[PDB]
Structure formats: C-alpha cells, structure tokens
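For reference, the chain that follows is the form deposited in one PDB entry, supplied as structure tokens.
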C-alpha cells in the first residue's frame, strides 16, 4: 500500500492526457523481478488538481469488486513531494482500443459478457452512492478476453446525503439533464451506459457517438452551435441509430436507457438481470 520510489521501475508508457499512466515493475528485492503494476501521475499538482487526485485515490481505494480496477497503493515520489497512484496492470488496455484491434477475438456472446460486467461494476458503485460521470469504452479496461473492469474514477462524485443528484465535457455521452442543468445521478450513468452499449455493438468502426451525432447535427457546425443542436435533437427524440447487425432486443435496451424522463430509465440491477437472462436464454 506504500510503494518506495527507488524500487518502482519503468516498463512502458500506457496513456497520456491532466495526467499519464505508465507500466512499472515493483522490485524491492533489486533482482530484476516483482509484480507488474500501472502507475498514474499528475501532469500539474495545483491545490485543486491534487485535491481532486487525492479524492480519486480515496474513491478507488474504497472499491473492491471484480469489475473495478484494483487499487494497490500510492507512491510518494520526488522525496515524498509528489504523489502517484498504484493500480493493477490489465494487459489488454482500454476496451475502446481492444474492440477496434481484436475485432474477431469478439462475438456477440463476448459483447453481452462485457455489458453484464460493466453493469455489475456500476451496481457496486451505486451502493457507495458514487456517480461515475464518464462511463465510455475508453474508460473500461480489459484483463483478458472474458473480463473487463471499470477504471478512471477521475470525474466520480459522491451523492450528498439527502440528494439524488450532484450538480457539477464528453458531451456525446451525456444525458440531456446533464447537458442542460449540470445534474449527474445514477440515472445519468445509466444514460451513458446506453451509449457504452451502442459503442460495443458498433465494434468501434465513422460509427462513434461523436461521428454519428455530428452527421445528424451537421458536420460543418462548430463550437456552442454543436451543443445547442445536440440538446434540441435529444430533447425531441433524436438518438443514435441501431448499429449494423445489432439485435433489436439489444437496441431496445439502449433505447430504454436513453429516456428523457430520468425516473423511467432502468436501474443497473434491472439491466444486469436482463442482459444475463438474454445470455442464459441463448
């Protein structure tokens, strides 16, 4: 849980954005062995960036579930004047990258297994009153061809005790009330989950949510005019189309997640049971 900087050895850069993640080996016996881990760092520790990184760490440390990336600890580097987060290393990277690269390692059985696993991770988040706010396949990590886990808790908020929403952008995954009122909730996570289910069945092909919504809106639109047209389109029932080859019953689940009426969206528990019944009945 506390990792010494002198024993954390660099293996590979894994991603860069606010921060970056590297693969490292933790080798305290200095003999070229040790566990392989993923290390997240800031790229600026301001009063605010660091408070928020600390909150992200506390959030991840508080979670223990099969479909959530495992917290391992922190490293206080630069002679204890910097902070890095230590997580397990998942070899196949983001689900967005994995689907696009390994397009037939993957069939609909695997897609519905990943869908189930994401729903169960989100059920677990709900028990802690955590709203993820950035559910997308870029933020889901692949352990192996049968197991994915939710990552990136950088945007996650904790519901106040007496409220069912938090008022606070990946606009093409946002629910309409998040666009118009900055309101996030379990129900807006279910809206974003419907977009993740759409991303899975497009296999990450010109079919991405930004590409398809910009085609609907007008490809030439720029700046706030995009947001104005995306809000007006969503409020009057404009939706992403059914992906090629997607079963109607899986499109129905996306459609029900994308309800403008916040209280009529299904829960993650409803979704996991429905998806697993679909899996078990085929």
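Think of the rigid core as the biggest set of C-alphas that the two forms share within 1.5 Å after superposition. Residue numbers count along the first chain shown, from 1.
Note that the form deposited in another entry isn't included here; everything after this is about it.
Put simply, after the core is superposed between this form and the one not shown, 30 is the one residue in 30, 237, 62, 43 with a Cα shift of at least 2 angstroms. Taking 2 Å as the criterion, residue 79 counts as shifted between this form and the one not shown: its C-alpha moves by at least this amount when the rigid core is aligned. Closer approach of the C-alpha atoms of residue 81 and residue 158, by 3 angstroms or more, is seen in that other deposited form than in the present form. Relative to the shown form, the Cα atoms of residue 78 and residue 38 move apart by 3 Å or more in that other deposited form.
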